[PDB]
Structure formats: C-alpha cells, structure tokens
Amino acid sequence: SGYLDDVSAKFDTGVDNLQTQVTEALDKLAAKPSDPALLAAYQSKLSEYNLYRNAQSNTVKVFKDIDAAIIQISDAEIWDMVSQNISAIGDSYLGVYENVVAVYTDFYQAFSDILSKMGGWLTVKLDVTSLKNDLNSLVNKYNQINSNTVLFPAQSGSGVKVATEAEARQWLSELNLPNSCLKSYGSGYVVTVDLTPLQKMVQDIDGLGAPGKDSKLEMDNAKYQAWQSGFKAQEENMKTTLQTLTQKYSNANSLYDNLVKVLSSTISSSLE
C-alpha cells in the first residue's frame, strides 16, 4: 500500500544481509572452534536472522495494522505506532523466550525443592533410595508433554500446542539445547526441558552400589566427597542452562528493539 512496498522491499535486503553475516560469523568461528566470543557473535546473528525471517513472514498481518494506524506524523510517534502493531512478531519471538525462561525457572525451582531435604537424608550415610526416588519422579514429571514441560511453542492454557519439525528444530538450535529436548506429539513437535543432568544424577547414585537393609547406604568419606562433587556438578549444569537461556532472552530483547528502530526508520523515511 504505497510506501509499504518500499518498507518491505528494503526489508528483504535485510534478511539477505543477515543471512550473509550468519555464514561469515560461522566461518570466523570455524577458524577458532572454541572461541567464546565468536560463538556468541554467530548465535546472536543466527537469532537475529531468525527474527527478521520472522518479521518477513508476517508482513501482511503487520503492514495491515501499521498502515491502518498510520491512517489514524512525528518519529517518536511512528515508533510508538510500530511498537503496538507487531505482536505477531514479538509473541513468536520474545513471548517464546518469555515462556522458555518461566518454564525452566519453575523446572529448576522444583529441583531446588528436592535439594532442600538432603540433610534429612544424611563415614557418612546417605538415603540412596529416598533421594533417587525423588529424582526419578522429577524425571518422569518433566519427561511428559504439558504446560510444565514445554519451552516452545508457548502452551496457551488448555490443550497442547505443537509446531512443525523445522520450527521446533530452529528453536532447538537457537536455545542451544540437545536432541533429547525435541519431542514429537500429534501433528508436529515441541521443545522441552533438558533432563540429562537429573538422569546422570540417578545414574551416579546407582554407581554408588546397592544400599543396606536401611535402603540407605553408608560410605567412607573418600567416595562420599567424590559422589557429592559429581552431584553438585550436575546441579550447576542445570543452573548454567537456566542462566544461558536468560542471557539469550536479554540479547533477544536488544535485537528486537533494533528491529523496531529499523522498521520505524524505513517507515519514517518512506514518507519524506
């Protein structure tokens, strides 16, 4: 509709550039495989590329609203009007990250609850059975597909919402989660919490050996320290996953704010 074609066509150039940048970022990383900086740069670019492809596949719905509102102009007002007419984007980008962090925070919080009754389970004697049982119930509970376990899509109220394999895999790589987090359900797929640290924990408790009639098992300090160390390490792993996803979210808010600035500029300029 008039300038809209100008915003979109100029916008497509953006997707091409990011696409090129992603590859370029990836090659720099290929030269130094374990370089943290280059990895972070590449994934921010990947996320950003996905964001623009998001916007692109929503131009109709979005240009509709924005245009309808341009028809009832300041620049801080262009920005404002753009800000409140791109929910199709923010909800499938930021809203997704919002859900990802809330769900993972509750998942972790549930683990914390189990950790909170360790004293009541402690040479030294550990309640192998009681501990392993609480862990296994956590594994099974979060190994299912419901509102407490799904990171993407966001589960809106009642009923399970799925996505295509491609969409789920896209989020799987952006969230940097492992294959075990991708599950099939009905017509499509979903991305859930990573249970690997928890499963390693029980796998470690079993390595401790068969418990006594106590259903508990006494062990000499040597192997106790080694066990609790291995256990605390798995906990830090979950805690690290929660932090990295929180950091991805904060980065996405920034990338999103820059997409809105660009969108606003192209529109404001398409007038002049």
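Residue indices: 1-based, along the sequence shown.
Between residues given as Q72 and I73, how many of the deposited sequence are not built: none, 1 to 3, 4 to 9, or 10 or more? In the record, 10 or more residues between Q72 and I73 lack coordinates.
Unmodelled stretch from the deposited sequence between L122 and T123, which bin: none, 1 to 3, 4 to 9, 10 or more? According to the record, 4 to 9 deposited residues lack coordinates from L122 to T123.
Taking only the CA atoms, which stretch has the higher mean B-factor in the record, 21-29 or 5-13? Stretch with the greater average CA B-factor: 5-13.
Mean C-alpha B-factor comparison - 153-161 and 104-112, higher one: Between 104-112 and 153-161, it is 153-161.
Of the residues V82, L198, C181, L126, the one carrying the largest Cα B-factor as recorded: If I rank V82, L198, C181, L126 by C-alpha B-factor, first place goes to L126.
Take the CA temperature factors straight from the PDB entry and tell me which of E235, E48, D35, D67 peaks. Of the options given, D67 has the highest CA B-factor in the PDB entry.
Sort the modelled residues of this chain by their C-alpha B factor and say whether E77 lands in the lowest, middle or highest third. Highest third - that is where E77 ends up once the chain's C-alpha B-factors are sorted.
What third of the chain, by the recorded C-alpha B-factor, contains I145? It belongs to the middle third of the chain when residues are ordered by C-alpha B-factor.
Using the B-factors in the PDB entry, rank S215's C-alpha atom against the chain and give the third, lowest, middle or highest. It falls in the top third of the chain.
Which third of the chain holds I89 when residues are ordered by C-alpha B factor: lowest, middle or highest? Lowest third.
Would you please rank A55 by its C-alpha temperature factor against the other modelled residues of its chain and give the third it falls in: lowest, middle or highest? Middle third.
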